Amino acid sequence: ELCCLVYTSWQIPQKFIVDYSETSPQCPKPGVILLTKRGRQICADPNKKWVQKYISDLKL
Amino acid sequence: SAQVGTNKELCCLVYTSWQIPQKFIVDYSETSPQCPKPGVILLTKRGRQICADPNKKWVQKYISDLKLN
């Protein structure tokens, strides 16, 4: 059910991101949800290199 | 609004089940064109949201009464 419609243009500083979630493949759009230290859940574009770079390291 | 850019924040997934008393609504806003179903977000004075179906007569009436004054 949970999906992204608008992606953030804010390249959230990596150390302000505590985790991320991927959205269902049934969503019309692909999306990852970034969770910030302030507890916001912010949709971001997985086709964006900066988002991909954060995910690659956030896994470590 | 913990959520930013998601359907749950930009769409009406479930309308109010009942007609709201008119005194509560002072404004409204549109939902995303990407939403699977129609919806308008009605706004209370406290800045709080109630999702509603634009196809309802009372919804159109409420909005019209606000705009025409």
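Within every chain, numbering begins at 1; the chains are lettered A, B, ... in the order of the sequence lines, protein sequences first and strands thereafter. Only this structure's heavy atoms are used, side chains among them; waters, hydrogens and symmetry mates stay out.
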Q: Report the residues that fulfil salt bridge (charged side-chain N to carboxylate O under 4.0 Å, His left out) with B:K8, sequence neighbours left out, ordered by chain and then residue number.
A: none
Q: Would you please test B:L10 and B:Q34 for side-chain contact (heavy atoms from CB on, under 4.5 Å) and show each step?
A: CA-CA 9 Å; B:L10 290 174; B:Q34 305 176 58; over 6 Å; no
Q: Which pair of non-hydrogen atoms, one from A:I55 and one from A:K59, has the smallest distance, and what is that distance?
A: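 So the minimum-distance heavy-atom pair works out to O-CG, 3.0 Å.
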Q: Of all heavy-atom pairs between A:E1 and B:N7, which one has the smallest distance, and what is that distance?
A: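 Looking at all heavy atoms of both residues, the shortest contact is O-ND2, 2.5 Å.
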Q: Could you list the donor-acceptor pairs under 3.5 angstrom formed between side-chain atoms of residues 39-48 of chain B and any protein atom two or more places apart in sequence or on another chain?
A:
from, atom 1, to, atom 2, distance (Å)
B:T44, OG1, B:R46, N, 3.4
B:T44, OG1, B:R48, N, 3.1
B:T44, OG1, B:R48, O, 3.3

Q: What side-chain donor-acceptor pairs closer than 3.5 Å can you find for residues 44-51 of chain A, not counting sequence neighbours?
A:
from, atom 1, to, atom 2, distance (Å)
A:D45, OD1, A:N47, N, 2.7
A:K49, NZ, A:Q52, OE1, 2.6

Q: Under the ring pair (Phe, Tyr, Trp, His ring centres under 6.0 Å) definition, can you give me all pairs with a residue in residues 4-41 of chain B, not counting sequence neighbours?
A: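 For residues 4-41 of chain B: none.
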Q: Taking side-chain hydrogen bond (donor to acceptor under 3.5 Å, both in side chains) as the test, write out the residues that go with B:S1, two or more places apart.
A: B:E9
Q: Can you name the closest pair of heavy atoms from A:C27 and A:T23 and give their distance?
A: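 Of all heavy-atom pairs spanning A:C27 and A:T23, the closest is SG-CB, 4.0 Å.
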Q: Tell me, do B:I50 and B:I25 make a side-chain contact under 4.5 Å, heavy atoms counted?
A: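 Sidechains of B:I25 and B:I50: in contact.
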Q: Could you report the tightest heavy-atom contact between B:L66 and B:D27, atom names first, then the distance?
A: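 Smallest heavy-atom distance, with atoms named: CD1-N, 3.5 Å.
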Q: Minimum heavy-atom separation for B:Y62 and B:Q22, please, with both atom names.
A: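 For B:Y62 and B:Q22, the tightest heavy-atom pair comes out as OH-N, 3.3 Å.
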Q: Quick one: disulfide bond (SG atoms under 2.5 Å apart) pairs with a partner in residues 31-60 of chain A, sequence neighbours left out?
A: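 Pairs touching residues 31-60 of chain A that pass the test: A:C4-A:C43.
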Q: From A:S21 OG over to A:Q41 CD, what is the distance, rounded to the nearest 0.5 angstrom?
A: 8.0 Å
